[PDB]
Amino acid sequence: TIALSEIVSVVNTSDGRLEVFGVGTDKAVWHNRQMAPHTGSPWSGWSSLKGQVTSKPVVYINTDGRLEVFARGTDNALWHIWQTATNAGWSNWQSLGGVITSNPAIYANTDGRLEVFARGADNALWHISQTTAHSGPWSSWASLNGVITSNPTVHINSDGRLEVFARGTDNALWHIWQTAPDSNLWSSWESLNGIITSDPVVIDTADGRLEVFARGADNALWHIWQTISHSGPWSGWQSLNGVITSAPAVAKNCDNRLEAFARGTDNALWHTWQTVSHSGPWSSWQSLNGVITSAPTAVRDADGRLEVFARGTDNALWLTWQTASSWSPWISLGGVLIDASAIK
């Protein structure tokens, strides 16, 4: 078990449009993009990329701008589909083999090779990668060992080393990392302790330190960080308080101030934000209303505003965004979305 997941994967595209990906009642991947690179732009509407997926689909922007969606398939292998060019159509769904047991986690190495991390049948962390930048063919799968109990999350350090996080068998946050950029040489697994009851959410701060967010045993929102840019030692666990009934989402305001979002005990969107600057103390929790049935997903848009997405009581994706003063009334992008996360 883990706190209620995010219903969609979202990306700010190379032309500054938000674009959201989720699973339909039919088990296919569907997407929705902004027309215009602005807060409040009209949306395309939901359209199908087809496939039949058995995990959350996860979008990533290749270093040449082209989106690529990863999702577990009906055969439990990793499959993908990618734009043929930045403002063009899509490929056919294609298989990368393997047998996996979590949602895929994706990051681009410093050399532009996308690297995919996913849980195995053995419950280890496995990985596979592009052989050259933003392009097939891909490597063979190999394992990074471990025994993990959540979906993994990956983020690049400010020195180019990929680093992967997942819950362990003791329910602590565990991590593993590249010892050199673009490398196949990884550390051992190391515990960062704690007790976590959601997927980790990982952020690179403005000052170059990995910060992990997670729900605790008390259902508060807790966070732990690197104390030095791309380096240990780590901090201790620190509570941001709150009582949250979903997974948290975290993103950066345009001034780099972190801002955490989560479903509350009342099923509204609540948030807490850094005050003053990117190294300032956190607000108290405040409500952004609505009644939501997934964790929120947050993203900064091409106007430097945070937009937050969440499923509604009618199973459609709803949207609220920052304004000069406040936030905008909930609006509906329509659709009917399922939670297809491969671990719940």
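The first residue of the sequence shown is number 1, and the count goes up from there. By rigid core we mean the largest C-alpha set that fits within 1.5 Å across both forms.
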Of 84-92 and 100-108, the one with the larger RMS C-alpha deviation from the shown form in 8 other deposited structures of this protein, core-superposed, is 84-92
Between 12-20 and 321-329, the record assigns the higher mean Cα B factor to 321-329
Comparing 281-289 with 42-50, where is the mean C-alpha B-factor higher?
-> 281-289
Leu162, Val212, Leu114, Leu240, ranked by C-alpha B-factor: the highest one | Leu240
Per the entry, which of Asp314, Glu68, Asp64, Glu307 tops the list for Cα B factor?
-> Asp314
Relative C-alpha B-factor of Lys252, binned into the chain's lowest, middle or highest third = middle
Within-chain third of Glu190 by Cα B-factor, per the entry | highest
Going by the entry, which third of its chain does the Cα temperature factor of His271 land in?
-> highest
Position of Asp218 among the chain's modelled residues by C-alpha B-factor, lowest, middle or highest third = highest
Would you please rank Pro104 by its C-alpha temperature factor against the other modelled residues of its chain and give the third it falls in: lowest, middle or highest?
-> lowest
